[PDB]
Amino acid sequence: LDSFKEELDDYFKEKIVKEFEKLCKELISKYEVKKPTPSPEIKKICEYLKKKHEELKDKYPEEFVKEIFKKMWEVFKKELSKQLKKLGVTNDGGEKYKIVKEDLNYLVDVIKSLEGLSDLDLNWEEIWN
């Protein structure tokens, strides 16, 4: 059934996001802005996303994978936003900012190099707002 596949699609979506949401809550809340870049927590998030994409590619259409990786991107930005305010890191041209910017470029490259995700809107500048 149509009506019902849509309901379960959203159910599996919600749970795929929650699983990543608790990963990020656990890693980003202990993220500290220091070299070496990429940071271990960023790498861990990168390996989870490389793992989940290949596993999701097997079994969902192109459009659904992109929607899930949009939501995970949103969830990551919101978690990183609150950790950066906890630390006092702002977009002020300093080394703490550049370190965050290297980590995030590394992350966005990873996500964009996944098949079907290269055109995702992966801007992050609102994490400072």
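The first residue of the shown sequence is 1; numbering continues from there.
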- prompt: For the C-alpha atoms alone, is the average B factor greater in 26 to 34 or in 66 to 74, going by the entry?
  reply: 26 to 34
message: Comparing average C-alpha B factors as deposited, tell me which of 75 to 83 and 49 to 57 sits higher.
response: 49 to 57
field: For residue 88, the third of its chain into which the C-alpha B factor falls
entry: lowest
task: Can you work out whether the C-alpha temperature factor of residue 106 puts it in the lowest, middle or highest third of the chain?
output: lowest
